[PDB]
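Everything below concerns the one structure shown next.
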Amino acid sequence: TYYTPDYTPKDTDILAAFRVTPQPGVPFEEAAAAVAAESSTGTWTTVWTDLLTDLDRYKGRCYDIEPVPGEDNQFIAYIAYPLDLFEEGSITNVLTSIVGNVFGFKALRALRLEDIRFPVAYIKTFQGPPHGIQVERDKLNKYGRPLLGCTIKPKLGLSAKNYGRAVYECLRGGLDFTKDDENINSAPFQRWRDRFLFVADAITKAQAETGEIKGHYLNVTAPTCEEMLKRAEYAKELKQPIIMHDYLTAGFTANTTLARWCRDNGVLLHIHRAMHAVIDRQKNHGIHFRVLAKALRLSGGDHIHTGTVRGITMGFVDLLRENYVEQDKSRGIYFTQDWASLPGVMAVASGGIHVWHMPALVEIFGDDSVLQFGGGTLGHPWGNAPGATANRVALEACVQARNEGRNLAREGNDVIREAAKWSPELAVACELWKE
Amino acid sequence: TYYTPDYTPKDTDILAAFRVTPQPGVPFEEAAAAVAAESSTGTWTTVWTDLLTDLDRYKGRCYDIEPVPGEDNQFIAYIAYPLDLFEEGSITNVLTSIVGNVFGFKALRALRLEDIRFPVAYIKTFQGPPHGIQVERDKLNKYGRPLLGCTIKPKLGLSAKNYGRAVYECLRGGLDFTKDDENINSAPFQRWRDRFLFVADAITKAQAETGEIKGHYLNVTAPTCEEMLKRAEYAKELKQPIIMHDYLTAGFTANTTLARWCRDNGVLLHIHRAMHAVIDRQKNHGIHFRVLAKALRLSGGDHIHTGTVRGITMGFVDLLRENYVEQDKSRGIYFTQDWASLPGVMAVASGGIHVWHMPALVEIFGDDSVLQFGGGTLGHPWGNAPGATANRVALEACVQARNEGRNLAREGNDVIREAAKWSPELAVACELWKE
Amino acid sequence: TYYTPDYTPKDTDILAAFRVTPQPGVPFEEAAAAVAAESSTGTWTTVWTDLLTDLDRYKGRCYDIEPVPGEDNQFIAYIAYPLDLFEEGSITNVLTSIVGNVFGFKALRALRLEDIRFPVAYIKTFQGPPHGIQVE
Amino acid sequence: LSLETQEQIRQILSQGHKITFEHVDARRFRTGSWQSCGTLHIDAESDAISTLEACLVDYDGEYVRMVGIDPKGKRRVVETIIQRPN
Amino acid sequence: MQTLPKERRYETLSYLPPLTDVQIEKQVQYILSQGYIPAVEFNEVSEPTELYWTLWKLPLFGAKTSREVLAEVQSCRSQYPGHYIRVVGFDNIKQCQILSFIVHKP
Amino acid sequence: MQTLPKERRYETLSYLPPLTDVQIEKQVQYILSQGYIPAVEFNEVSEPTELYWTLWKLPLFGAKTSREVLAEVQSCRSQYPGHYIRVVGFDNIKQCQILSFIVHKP
């Protein structure tokens, strides 16, 4: 009474794709009816209270089973959940109802949520991104090109003043942004309020110098919800265009009250994807990143870490930027998702890239993305200021070559070496980070 | 006991003029006594509780019946209401007591309120306009001439930034004001807070350029009373001299708490007359606009849309501006209204006018009015900045000609054409919008 | 460019029924395209700013005309408005955008809104009744 | 079985879609709670007209309606009420 | 098509070509004809934020002809060549300025 | 080792050596090829705080070849030599500027 194949999904309904590995001697029908039941109005026994409420209308049910090719006791399950049973404008409930305790079931060894479709009716209740891509470019006055960020190294050690100067030299060369590390909060060695005051002196300095709008992501992530709002009251007070938060670690409810506040005040929020690798790593167990990416877009967020490069990564990148995306099973997308005019989230590329990966990342990610160099700028032979001008000239070279109409897959190593002739700073960096 | 012709109206009494069309077989006396009763202490039966309260003192009564010339079962009814029974400083009550459910009476097919007189004693309880004309000219430093506004087209479509630039080019040419459309609220495509931030950048830009005080009406109209006040907290914060509201659609109580707030903070309020045409259109049924114009002046409002041209329109225009206005039946005014030092409201003329209607509108409306060009400025062959300079030079030509002592009815086409000789921008616009 | 009969209404769209009485000498097509225009992204002249925003996507359009039986210059107009252009959880906007100043148009003597359909997607944004019958 | 019924039957099955017919008594129609009757995912005209006359008679005095189902994921394309209660 | 040049503008009657001394006489004739009180004002710098200029002598309460206001204009122009000067018209019934236009630039 | 000199920079394509009139032609060819609307903008002073420049004529809605955009560039260069000028490209589907680069310095 949970497994019903004949059922045809409605438009106002949330649909999910589960990769199921049952215990041997367990049929393909019963283990499918058990996760469809245990997520929504499911109980191990028949109880008398089920005859007063209408169970047929509310119940989630499995309508389609597809066996995974070249895999034994491995098949894809399609379950449909009526729209009414979830609360309005809360990721916390949709997360809680579906993927609650269907995991760690005795009937099955391994379980993995692959994808999740949102009907448009449900999409409307949320705020979504406080700004989006189109809005964000307009506040910063930057067009044509991918935006350039920088992570200060080392992660923990520097004083509040030393942090303030290491940030000053980087934006001076010609970086758009600078970034705080994901584990710096209110460490004893540098308190947050001191770090917040010295970074304020270095942005105004390099702003009046180069003559461009500069920024720095001020990590706001705090243990309690008072502290978080109170730290943010101070960033608004020093006229900071951007701050940043880790959503997975603080929780969805922490991330929610923030985004409402951020739309209230017109500050752009960066989101780091800290602690992602423990859930989405295993191909048999966990939840796929694309589910969490949607959940982020809906919670709200102007930027998001996507990870560096392939067929799978462009699946959930075009899923966060485009208004309408089509079902493509090879890419990794199981359902047709339609966003109701909701603004797009900008892709952030960070983690071990130098001036030779420069042709590869402008072509794949395109124009609406942020390129972030942790080790690639500071570790320049000549310091932070020459290391910045190195990465700036190398981006602008590939963007000019692309417009005129050159393939950057073919002439990728060619444009970097021409540019290396008239600029001294790129000649010493081409030498160091070789092939 | 409701129809008493011998009655002579007192000074502390509110008087009303109704155009009545009875059902055939209904005398002229009973249908007049029925609308005089059903608005105030009226019941279909004799009840016992009427012998404890003094009915004679409180009751409204019809004192004069005038048959409409050239009309069968059509006559003007004059009813007088004692001053005591209405609550103090509330349009909501006066609207509720009189024109409540006397409409949709079975005894009569059609009913129309023509006019409404306010005794001076009742007028004193209200705040009225937060500033008025004299006050408003003094904050903006503009004398001699009618003021020039612009409506951005299209109504819904543009991004928050594109709106910001389309407003920048218009005030640069030399318009006084720019204006938001009556249906733009918090649409998904541009959120209010983003629109509020970009318009702030473009005003400060064109202020430091041309060297004049510039403004833009920021539509504040919101679904709830918290949101409305909270959006306005933000407009005060960016130092905006003007905002605007639709009073009919939001209701009189919404419009009231606002006006109190606006006098508290020294912000000038524009009022759009959206949804007027459904009530005041029919000559047999509804309420005449002059009643609603009075109701606005008392509620409060620094500007008001009067509509483009004739004998009727100048009736309720001189009624909103003048301190003392006399009874004129040909003009359309039934009663002697006397305002107790209450400041005047400035006339706003908007809806389908070009540079050739320029002579006609300065003469009829006079000096204390706002002339607004929706389609006439943007649709210029050369863009928004030349289209603005076109309408500016055409106004200043007619104002100079008027002072020297030329009739603008005879020499109206003449002054527009001799101005077209030394300015290139008016020569291409004279070409386009012809006769 | 406002009157398009071939158009088939979507599910996420607000639809309206108007009883129209035009001024004599006014065709049945132009007075229908005029109330479909003047309520949403409508202007009496062609302006240059319309070539930067995508007008085709946002515009409300009349897809069906039905003549009223036993009535001369009286017909029912069916206009479809894309979902995006209204603000969320506010009657104030939907009332303002549609029945704003399409009334008191010179091209037509009398005008009456008969009915209004809400797509389910739009209905979800509101609180609606604080309790309802069952609760009460 | 009207001329409108068999053209829609033919229009549904000319798309490659499958037909499902559903009934409802007057009371549960309030809440839009219909159910399947006969054989689901019908892919030919004669199976459609046979179980249509089975369900017109099996649930006479109830609503009956025909569904056009795209077999790709079982997506509901077109819904039309054939029979209404007396 | 033509692009609109950047110009610093000066309130009323600034978009019209600079006024001849005859055009000046007709506009002040209009002030005395309506019965308003014409006066002369000067300031060093012209900005949208400041709303009070330095008053020249008194409002000429006893003004019969438009030539007595022109002679007050030339004596101030002579005294302050490097000042902005404008002529205003006070009304005494409605308590407001009717006309405000700039005659001499530094 | 070398210390980085202090330079005032001008948004996109300013770290590359000043553009030749052929490199100018290839970048506007890319604007008309993708189907976007190329336009000319000028301003007196270049600062990070101001985000609206004075628009030159109209956006050229009817642009077939990249040479018609170059002739509009040289006529503004001739009119205002002591102005900052840049060419932008409006998109009509996504409602946003794709490209913004500075061609002439005062």
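So you can find residues: chains in the structure tokens are A, B, ... in the order shown, residues in each start at 1, and ligands are numbered from 1 in order.
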
Taking the DSSP secondary structure from the backbone, can you list the residues of stretch 26-174 of chain A that are alpha helix (DSSP H), as a ChimeraX atom specification?
/A:30-38,55-58,91-98,120-123,133-140,160-173

Selection export as a PDB file, in the first residue's frame, atoms kept: C-alpha atoms:
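Final file, part-v4.pdb:
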ATOM      1  CA  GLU A  30       9.665  -3.905  -0.224  1.00  0.00           C
ATOM      2  CA  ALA A  31      12.931  -1.900   0.420  1.00  0.00           C
ATOM      3  CA  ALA A  32      11.517   0.804  -1.978  1.00  0.00           C
ATOM      4  CA  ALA A  33       8.126   0.926  -0.102  1.00  0.00           C
ATOM      5  CA  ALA A  34      10.073   1.138   3.247  1.00  0.00           C
ATOM      6  CA  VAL A  35      12.002   4.444   2.508  1.00  0.00           C
ATOM      7  CA  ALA A  36       8.828   5.896   0.818  1.00  0.00           C
ATOM      8  CA  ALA A  37       6.956   5.044   4.105  1.00  0.00           C
ATOM      9  CA  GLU A  38       9.622   5.755   6.823  1.00  0.00           C
ATOM     10  CA  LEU A  55      -3.828   8.487   4.766  1.00  0.00           C
ATOM     11  CA  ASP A  56      -4.238   8.205   0.912  1.00  0.00           C
ATOM     12  CA  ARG A  57      -3.883  12.010   0.302  1.00  0.00           C
ATOM     13  CA  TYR A  58      -0.752  12.733   2.461  1.00  0.00           C
ATOM     14  CA  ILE A  91      14.852  24.036   4.259  1.00  0.00           C
ATOM     15  CA  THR A  92      14.974  22.577   7.846  1.00  0.00           C
ATOM     16  CA  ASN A  93      11.589  20.719   7.360  1.00  0.00           C
ATOM     17  CA  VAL A  94      12.132  19.360   3.753  1.00  0.00           C
ATOM     18  CA  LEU A  95      15.573  18.065   4.978  1.00  0.00           C
ATOM     19  CA  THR A  96      13.941  16.620   8.187  1.00  0.00           C
ATOM     20  CA  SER A  97      10.849  14.909   6.582  1.00  0.00           C
ATOM     21  CA  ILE A  98      12.668  13.074   3.689  1.00  0.00           C
ATOM     22  CA  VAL A 120       7.505  26.209  -8.682  1.00  0.00           C
ATOM     23  CA  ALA A 121       4.623  26.682  -6.135  1.00  0.00           C
ATOM     24  CA  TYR A 122       7.004  25.730  -3.225  1.00  0.00           C
ATOM     25  CA  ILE A 123       9.944  27.798  -4.689  1.00  0.00           C
ATOM     26  CA  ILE A 133      24.654  37.757 -10.024  1.00  0.00           C
ATOM     27  CA  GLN A 134      23.052  40.646 -12.043  1.00  0.00           C
ATOM     28  CA  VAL A 135      22.469  42.719  -8.823  1.00  0.00           C
ATOM     29  CA  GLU A 136      26.004  41.993  -7.462  1.00  0.00           C
ATOM     30  CA  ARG A 137      27.959  43.138 -10.615  1.00  0.00           C
ATOM     31  CA  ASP A 138      25.932  46.440 -10.490  1.00  0.00           C
ATOM     32  CA  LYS A 139      26.982  47.297  -6.843  1.00  0.00           C
ATOM     33  CA  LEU A 140      30.720  46.615  -7.606  1.00  0.00           C
ATOM     34  CA  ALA A 160      45.489  41.618  13.669  1.00  0.00           C
ATOM     35  CA  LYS A 161      47.940  44.297  12.306  1.00  0.00           C
ATOM     36  CA  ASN A 162      50.091  41.793  10.266  1.00  0.00           C
ATOM     37  CA  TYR A 163      46.779  40.475   8.765  1.00  0.00           C
ATOM     38  CA  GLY A 164      45.851  44.135   7.956  1.00  0.00           C
ATOM     39  CA  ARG A 165      49.139  44.676   5.987  1.00  0.00           C
ATOM     40  CA  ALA A 166      49.195  41.246   4.176  1.00  0.00           C
ATOM     41  CA  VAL A 167      45.659  42.192   2.869  1.00  0.00           C
ATOM     42  CA  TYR A 168      46.839  45.758   1.863  1.00  0.00           C
ATOM     43  CA  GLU A 169      49.681  44.573  -0.509  1.00  0.00           C
ATOM     44  CA  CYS A 170      47.359  42.081  -2.382  1.00  0.00           C
ATOM     45  CA  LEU A 171      44.451  44.469  -3.359  1.00  0.00           C
ATOM     46  CA  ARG A 172      47.139  47.123  -4.223  1.00  0.00           C
ATOM     47  CA  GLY A 173      48.527  44.974  -7.115  1.00  0.00           C
TER      48      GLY A 173
END

Least-squares superposed chain E, target chain F, every Cα, as a PDB file with C-alpha atoms, in the first residue's frame:
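out14.pdb, written as the output of this step:
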ATOM      1  CA  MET E   1      63.065  41.115  -6.620  1.00  0.00           C
ATOM      2  CA  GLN E   2      61.190  44.303  -7.752  1.00  0.00           C
ATOM      3  CA  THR E   3      58.714  46.666  -5.952  1.00  0.00           C
ATOM      4  CA  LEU E   4      55.329  47.216  -7.749  1.00  0.00           C
ATOM      5  CA  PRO E   5      54.823  50.891  -8.843  1.00  0.00           C
ATOM      6  CA  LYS E   6      51.659  52.888  -7.829  1.00  0.00           C
ATOM      7  CA  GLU E   7      49.204  53.160 -10.798  1.00  0.00           C
ATOM      8  CA  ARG E   8      45.567  54.403 -11.052  1.00  0.00           C
ATOM      9  CA  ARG E   9      43.729  51.550 -12.911  1.00  0.00           C
ATOM     10  CA  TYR E  10      40.555  51.756 -15.120  1.00  0.00           C
ATOM     11  CA  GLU E  11      38.310  48.599 -14.807  1.00  0.00           C
ATOM     12  CA  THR E  12      38.582  45.936 -17.619  1.00  0.00           C
ATOM     13  CA  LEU E  13      41.611  45.731 -20.052  1.00  0.00           C
ATOM     14  CA  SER E  14      43.768  48.377 -18.189  1.00  0.00           C
ATOM     15  CA  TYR E  15      46.705  46.079 -17.070  1.00  0.00           C
ATOM     16  CA  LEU E  16      47.376  45.314 -20.813  1.00  0.00           C
ATOM     17  CA  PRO E  17      49.345  47.938 -22.865  1.00  0.00           C
ATOM     18  CA  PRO E  18      47.104  50.747 -24.278  1.00  0.00           C
ATOM     19  CA  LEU E  19      44.849  49.345 -27.058  1.00  0.00           C
ATOM     20  CA  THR E  20      45.572  49.866 -30.811  1.00  0.00           C
ATOM     21  CA  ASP E  21      42.580  50.920 -33.043  1.00  0.00           C
ATOM     22  CA  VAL E  22      42.638  47.354 -34.591  1.00  0.00           C
ATOM     23  CA  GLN E  23      42.359  45.704 -31.088  1.00  0.00           C
ATOM     24  CA  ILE E  24      39.371  48.127 -30.528  1.00  0.00           C
ATOM     25  CA  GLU E  25      37.668  46.866 -33.776  1.00  0.00           C
ATOM     26  CA  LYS E  26      37.978  43.123 -32.774  1.00  0.00           C
ATOM     27  CA  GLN E  27      36.399  43.626 -29.270  1.00  0.00           C
ATOM     28  CA  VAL E  28      33.359  45.558 -30.740  1.00  0.00           C
ATOM     29  CA  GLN E  29      33.119  42.871 -33.522  1.00  0.00           C
ATOM     30  CA  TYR E  30      32.607  40.398 -30.582  1.00  0.00           C
ATOM     31  CA  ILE E  31      29.700  42.592 -29.199  1.00  0.00           C
ATOM     32  CA  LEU E  32      27.798  42.665 -32.578  1.00  0.00           C
ATOM     33  CA  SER E  33      28.604  38.922 -33.219  1.00  0.00           C
ATOM     34  CA  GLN E  34      26.950  37.782 -29.898  1.00  0.00           C
ATOM     35  CA  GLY E  35      23.970  40.115 -30.719  1.00  0.00           C
ATOM     36  CA  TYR E  36      24.424  42.703 -27.878  1.00  0.00           C
ATOM     37  CA  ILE E  37      23.811  46.495 -28.274  1.00  0.00           C
ATOM     38  CA  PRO E  38      27.044  48.603 -28.314  1.00  0.00           C
ATOM     39  CA  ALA E  39      26.970  52.256 -27.021  1.00  0.00           C
ATOM     40  CA  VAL E  40      29.404  55.148 -26.158  1.00  0.00           C
ATOM     41  CA  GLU E  41      29.691  56.829 -22.681  1.00  0.00           C
ATOM     42  CA  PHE E  42      31.818  59.839 -21.525  1.00  0.00           C
ATOM     43  CA  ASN E  43      32.620  61.433 -18.118  1.00  0.00           C
ATOM     44  CA  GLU E  44      34.905  64.311 -16.952  1.00  0.00           C
ATOM     45  CA  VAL E  45      36.536  62.504 -13.933  1.00  0.00           C
ATOM     46  CA  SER E  46      37.160  58.753 -13.190  1.00  0.00           C
ATOM     47  CA  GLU E  47      36.423  57.596  -9.561  1.00  0.00           C
ATOM     48  CA  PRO E  48      35.341  54.283  -7.904  1.00  0.00           C
ATOM     49  CA  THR E  49      32.232  55.852  -6.168  1.00  0.00           C
ATOM     50  CA  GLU E  50      30.245  57.250  -9.207  1.00  0.00           C
ATOM     51  CA  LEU E  51      28.545  54.470 -11.303  1.00  0.00           C
ATOM     52  CA  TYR E  52      26.753  56.623 -13.993  1.00  0.00           C
ATOM     53  CA  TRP E  53      28.669  58.414 -16.823  1.00  0.00           C
ATOM     54  CA  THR E  54      27.074  60.884 -19.349  1.00  0.00           C
ATOM     55  CA  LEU E  55      25.614  58.836 -22.290  1.00  0.00           C
ATOM     56  CA  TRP E  56      26.783  59.798 -25.845  1.00  0.00           C
ATOM     57  CA  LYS E  57      23.708  60.107 -28.192  1.00  0.00           C
ATOM     58  CA  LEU E  58      21.663  56.814 -28.036  1.00  0.00           C
ATOM     59  CA  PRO E  59      22.564  53.122 -27.884  1.00  0.00           C
ATOM     60  CA  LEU E  60      23.108  52.312 -31.629  1.00  0.00           C
ATOM     61  CA  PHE E  61      20.184  49.790 -31.948  1.00  0.00           C
ATOM     62  CA  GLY E  62      20.812  49.465 -35.748  1.00  0.00           C
ATOM     63  CA  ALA E  63      24.526  48.428 -35.919  1.00  0.00           C
ATOM     64  CA  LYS E  64      25.483  46.023 -38.803  1.00  0.00           C
ATOM     65  CA  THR E  65      29.326  46.532 -38.886  1.00  0.00           C
ATOM     66  CA  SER E  66      32.024  47.450 -36.259  1.00  0.00           C
ATOM     67  CA  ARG E  67      33.164  50.596 -38.237  1.00  0.00           C
ATOM     68  CA  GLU E  68      29.932  52.598 -37.429  1.00  0.00           C
ATOM     69  CA  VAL E  69      30.824  52.351 -33.651  1.00  0.00           C
ATOM     70  CA  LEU E  70      34.480  53.469 -34.370  1.00  0.00           C
ATOM     71  CA  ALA E  71      33.193  56.634 -36.209  1.00  0.00           C
ATOM     72  CA  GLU E  72      30.945  57.468 -33.158  1.00  0.00           C
ATOM     73  CA  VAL E  73      34.130  57.030 -30.965  1.00  0.00           C
ATOM     74  CA  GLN E  74      36.261  59.564 -32.988  1.00  0.00           C
ATOM     75  CA  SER E  75      33.498  62.293 -33.178  1.00  0.00           C
ATOM     76  CA  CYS E  76      33.220  62.223 -29.301  1.00  0.00           C
ATOM     77  CA  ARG E  77      37.070  62.152 -28.894  1.00  0.00           C
ATOM     78  CA  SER E  78      37.071  65.288 -31.171  1.00  0.00           C
ATOM     79  CA  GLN E  79      34.212  67.024 -29.207  1.00  0.00           C
ATOM     80  CA  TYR E  80      35.633  66.218 -25.682  1.00  0.00           C
ATOM     81  CA  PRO E  81      39.461  65.805 -25.693  1.00  0.00           C
ATOM     82  CA  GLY E  82      39.657  66.373 -21.878  1.00  0.00           C
ATOM     83  CA  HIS E  83      37.057  63.635 -21.051  1.00  0.00           C
ATOM     84  CA  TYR E  84      37.267  59.911 -20.146  1.00  0.00           C
ATOM     85  CA  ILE E  85      35.325  57.836 -22.772  1.00  0.00           C
ATOM     86  CA  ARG E  86      34.350  54.094 -22.589  1.00  0.00           C
ATOM     87  CA  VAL E  87      32.286  51.730 -24.857  1.00  0.00           C
ATOM     88  CA  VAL E  88      29.721  49.334 -23.207  1.00  0.00           C
ATOM     89  CA  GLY E  89      27.466  46.499 -24.536  1.00  0.00           C
ATOM     90  CA  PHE E  90      23.812  46.127 -23.354  1.00  0.00           C
ATOM     91  CA  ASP E  91      22.164  42.652 -23.521  1.00  0.00           C
ATOM     92  CA  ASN E  92      18.311  42.597 -23.848  1.00  0.00           C
ATOM     93  CA  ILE E  93      17.571  39.006 -22.523  1.00  0.00           C
ATOM     94  CA  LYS E  94      19.563  38.947 -19.174  1.00  0.00           C
ATOM     95  CA  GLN E  95      19.217  42.778 -18.464  1.00  0.00           C
ATOM     96  CA  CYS E  96      22.954  43.436 -17.665  1.00  0.00           C
ATOM     97  CA  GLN E  97      26.149  44.936 -19.260  1.00  0.00           C
ATOM     98  CA  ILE E  98      28.556  42.230 -20.649  1.00  0.00           C
ATOM     99  CA  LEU E  99      31.640  44.439 -21.418  1.00  0.00           C
ATOM    100  CA  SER E 100      32.971  47.833 -20.082  1.00  0.00           C
ATOM    101  CA  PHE E 101      36.445  49.136 -21.213  1.00  0.00           C
ATOM    102  CA  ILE E 102      38.013  52.666 -21.436  1.00  0.00           C
ATOM    103  CA  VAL E 103      39.327  53.849 -24.887  1.00  0.00           C
ATOM    104  CA  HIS E 104      40.370  57.576 -24.487  1.00  0.00           C
ATOM    105  CA  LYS E 105      42.023  59.355 -21.479  1.00  0.00           C
ATOM    106  CA  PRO E 106      41.911  63.196 -21.101  1.00  0.00           C
TER     107      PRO E 106
END

If DSSP is run on the backbone, what residues of stretch 44-98 of chain F are strand (DSSP E or B)? A reply as a PDB file with N, CA and C atoms, in the first residue's frame would be ideal.
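Dumped to part.pdb:
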ATOM      1  N   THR F  54      27.980  60.141 -18.388  1.00  0.00           N
ATOM      2  CA  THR F  54      27.087  60.858 -19.337  1.00  0.00           C
ATOM      3  C   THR F  54      27.037  60.071 -20.651  1.00  0.00           C
ATOM      4  N   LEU F  55      25.834  59.688 -21.089  1.00  0.00           N
ATOM      5  CA  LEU F  55      25.620  58.841 -22.291  1.00  0.00           C
ATOM      6  C   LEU F  55      25.811  59.691 -23.550  1.00  0.00           C
ATOM      7  N   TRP F  56      26.567  59.166 -24.518  1.00  0.00           N
ATOM      8  CA  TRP F  56      26.812  59.803 -25.838  1.00  0.00           C
ATOM      9  C   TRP F  56      25.716  59.372 -26.820  1.00  0.00           C
ATOM     10  N   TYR F  84      37.132  61.423 -20.067  1.00  0.00           N
ATOM     11  CA  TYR F  84      37.206  59.940 -20.068  1.00  0.00           C
ATOM     12  C   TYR F  84      36.017  59.398 -20.865  1.00  0.00           C
ATOM     13  N   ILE F  85      36.281  58.473 -21.791  1.00  0.00           N
ATOM     14  CA  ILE F  85      35.260  57.843 -22.679  1.00  0.00           C
ATOM     15  C   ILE F  85      35.440  56.324 -22.606  1.00  0.00           C
ATOM     16  N   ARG F  86      34.333  55.579 -22.558  1.00  0.00           N
ATOM     17  CA  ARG F  86      34.330  54.093 -22.576  1.00  0.00           C
ATOM     18  C   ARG F  86      33.144  53.598 -23.407  1.00  0.00           C
ATOM     19  N   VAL F  87      33.285  52.406 -23.993  1.00  0.00           N
ATOM     20  CA  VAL F  87      32.245  51.737 -24.826  1.00  0.00           C
ATOM     21  C   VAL F  87      31.709  50.534 -24.046  1.00  0.00           C
ATOM     22  N   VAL F  88      30.382  50.431 -23.938  1.00  0.00           N
ATOM     23  CA  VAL F  88      29.666  49.359 -23.184  1.00  0.00           C
ATOM     24  C   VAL F  88      28.799  48.564 -24.164  1.00  0.00           C
ATOM     25  N   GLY F  89      28.339  47.386 -23.734  1.00  0.00           N
ATOM     26  CA  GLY F  89      27.480  46.481 -24.521  1.00  0.00           C
ATOM     27  C   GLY F  89      26.316  45.965 -23.698  1.00  0.00           C
ATOM     28  N   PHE F  90      25.119  46.514 -23.923  1.00  0.00           N
ATOM     29  CA  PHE F  90      23.863  46.088 -23.256  1.00  0.00           C
ATOM     30  C   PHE F  90      23.373  44.778 -23.881  1.00  0.00           C
ATOM     31  N   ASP F  91      22.970  43.820 -23.041  1.00  0.00           N
ATOM     32  CA  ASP F  91      22.198  42.616 -23.447  1.00  0.00           C
ATOM     33  C   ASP F  91      20.723  42.872 -23.122  1.00  0.00           C
ATOM     34  N   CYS F  96      21.597  43.221 -18.335  1.00  0.00           N
ATOM     35  CA  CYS F  96      22.925  43.453 -17.705  1.00  0.00           C
ATOM     36  C   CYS F  96      23.961  43.805 -18.779  1.00  0.00           C
ATOM     37  N   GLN F  97      24.983  44.582 -18.407  1.00  0.00           N
ATOM     38  CA  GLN F  97      26.137  44.930 -19.282  1.00  0.00           C
ATOM     39  C   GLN F  97      27.130  43.764 -19.280  1.00  0.00           C
ATOM     40  N   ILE F  98      27.579  43.353 -20.469  1.00  0.00           N
ATOM     41  CA  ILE F  98      28.522  42.213 -20.676  1.00  0.00           C
ATOM     42  C   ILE F  98      29.958  42.741 -20.599  1.00  0.00           C
TER      43      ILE F  98
END

Interatomic distance (Å, one decimal) between atom CA of residue B:412 and atom CA of residue B:399
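Pair atom CA of residue B:412 / atom CA of residue B:399 returns 11.4 Å.
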
Using only C-alpha atoms and a cut-off of 10 Å, which residues of chain B sit close to chain A? Please list them as an NGL selection string.
:B and (159-162 or 188-191 or 193-194 or 197-198 or 230-231 or 234)

List the neighbours of residue C:37 out to 8 Å using only C-alpha atoms; skip same-chain residues closer than 3 positions along the sequence, and give me the result as a VMD selection string.
chain C and resid 2 33 to 34 40 to 43 59 to 61

Would you mind exporting N, CA, C and O atoms of the selected residues as a compact mmCIF listing (two decimals), in the first residue's frame?
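Result file is result_3.txt:
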# COMPACT_ATOMS: atom_id res chain seq x y z
N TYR C 2 -0.26 43.41 -29.21
CA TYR C 2 -0.87 43.18 -27.87
C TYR C 2 -2.00 42.16 -28.01
O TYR C 2 -2.24 41.38 -27.06
N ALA C 33 -6.84 45.22 -27.04
CA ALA C 33 -5.37 45.36 -27.00
C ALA C 33 -4.97 46.56 -26.12
O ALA C 33 -3.81 46.59 -25.67
N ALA C 34 -5.90 47.51 -25.90
CA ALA C 34 -5.65 48.78 -25.18
C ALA C 34 -5.75 48.57 -23.66
O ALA C 34 -4.96 49.22 -22.94
N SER C 40 -0.44 46.81 -17.94
CA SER C 40 0.92 46.22 -17.78
C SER C 40 1.83 46.58 -18.96
O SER C 40 1.50 46.21 -20.11
N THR C 41 2.97 47.23 -18.67
CA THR C 41 4.00 47.72 -19.63
C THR C 41 3.32 48.27 -20.89
O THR C 41 3.62 47.78 -22.00
N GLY C 42 2.45 49.27 -20.72
CA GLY C 42 1.72 49.94 -21.81
C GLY C 42 2.00 51.43 -21.83
O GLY C 42 1.94 52.06 -20.75
N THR C 43 2.30 51.97 -23.01
CA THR C 43 2.54 53.42 -23.25
C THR C 43 1.99 53.80 -24.63
O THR C 43 2.08 52.97 -25.55
N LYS C 59 4.86 41.10 -21.04
CA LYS C 59 3.62 41.76 -21.52
C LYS C 59 2.42 40.85 -21.29
O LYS C 59 2.53 39.63 -21.54
N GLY C 60 1.32 41.43 -20.80
CA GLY C 60 -0.03 40.83 -20.81
C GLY C 60 -0.66 41.00 -22.18
O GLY C 60 -0.44 42.06 -22.80
N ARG C 61 -1.41 39.99 -22.64
CA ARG C 61 -1.94 39.90 -24.03
C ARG C 61 -3.33 39.26 -24.02
O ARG C 61 -3.56 38.36 -23.20

Residue contacts of stretch 310-320 of chain A (10 Å, only C-alpha atoms) excluding same-chain residues fewer than 2 positions away, as a ChimeraX atom specification:
/A:289-294,296-297,304,306-308,322-326,328-333,337-339,343-347,364-365,369
